[PDB]
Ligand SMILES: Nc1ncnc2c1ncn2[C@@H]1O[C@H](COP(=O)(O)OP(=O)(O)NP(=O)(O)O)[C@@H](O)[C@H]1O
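We begin with a single chain expressed as structure tokens, specifically the form deposited without the ligand.
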């Protein structure tokens, strides 16, 4: 009943039609935030596209599904996954989008060790994206290695906007408890009104992922890790000797508890650590199809 009501609303917003008419050989590759991701073959071209499938009945907050359409209609960018078309297919929202065939940053972080040319390239790419989103008041709210995707030639793109929200003069802060526990900003876990600064902290946790292979407290149940994040000093790297003073100085601007003192994305683009970033080619050897 409110499901039927919701299918009808989504219908007025999405493209008409059914992309099964032009797509073949759907193969599941992933499950993430809000549903599954398949690759599919575009019949007329032989090209490959990704299809995000999101069951309306399985969302904590169905209304966040509109985020997939807002972000597509409005915030395209070099470092953001491009979204082609959305559809309602029975009880699911489908988004046909760019296939990032290099896979997710998670698979690199859990299986090899990045150097700082590589970390700087990822950080620079992510920060360019955030600088542009944050200037327009868009907060991603689920920054983590699982949300950073790569092309085969090593270009880095932000993905998975399903949890994002907007701030503006009339709604200067968000309040919702949203993200993935281990990456959540402290002010967000403490239920304070928050803004784009939350993505900056989450990026810091992603830097810890890149250096250590895991975010802090990863061995704790989620609820206990949030409590630890709320109450404790900023989390530390397992091994500080494994980062340069430059990388350490960079991280220290990210993992600041007071969001007013945390660096913005605009400021971070100017940080000397980013001078280390290699081109996309430098990221390539890290991917599963290339490492030994």
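Numbering follows the first chain given and starts at 1.
The next section is about a form of this same protein that is not shown, the form deposited with the ligand bound.
S.K.: Site superposed, the ligand placed from its pose in the entry with it bound: open or blocked, blocked meaning at least 3 ligand atoms within 2.4 Å of a backbone or C-beta atom?
M.R.: Judged against the ligand in the entry with it bound, the pocket is blocked.
S.K.: Considering the ligand in the entry with it bound, which of 231, 258, 63, 31 comes within 4.5 Å of it through any heavy atom?
M.R.: Looking at the other structure, the residue within range turns out to be 31.
S.K.: From the list 207, 139, 114, 100, which entry has a heavy atom within 4.5 Å of the ligand in the entry with it bound?
M.R.: If I apply the 4.5 Å criterion carefully, the residue I get is 100.
S.K.: Should residue 149 be classed as touching the ligand in the entry with it bound when contacts are defined as heavy atoms within 4.5 Å?
M.R.: Residue 149: contacts the ligand in the entry with it bound.
S.K.: Do residue 159 and the ligand come within 4.5 Å of each other in the entry with it bound, heavy atoms counted?
M.R.: Yes - in the entry with it bound, heavy atoms of residue 159 and the ligand come within 4.5 Å of each other.
S.K.: Would you classify residue 50 as touching the ligand in the entry with it bound, given a 4.5 Å non-hydrogen atom cut-off?
M.R.: Output for residue 50 is yes: heavy atoms within 4.5 Å of the ligand.
S.K.: Are any of the heavy atoms in residue 104 no more than 4.5 Å from a heavy atom of the ligand in the entry with it bound?
M.R.: The answer is yes: residue 104 has a heavy atom within 4.5 Å of the ligand.
S.K.: For the interface check, one of 192-200, 116-124, 208-216, 91-99 should have non-hydrogen atoms within 4.5 Å of the ligand in the entry with it bound; which one?
M.R.: Flagged stretch: 91-99.
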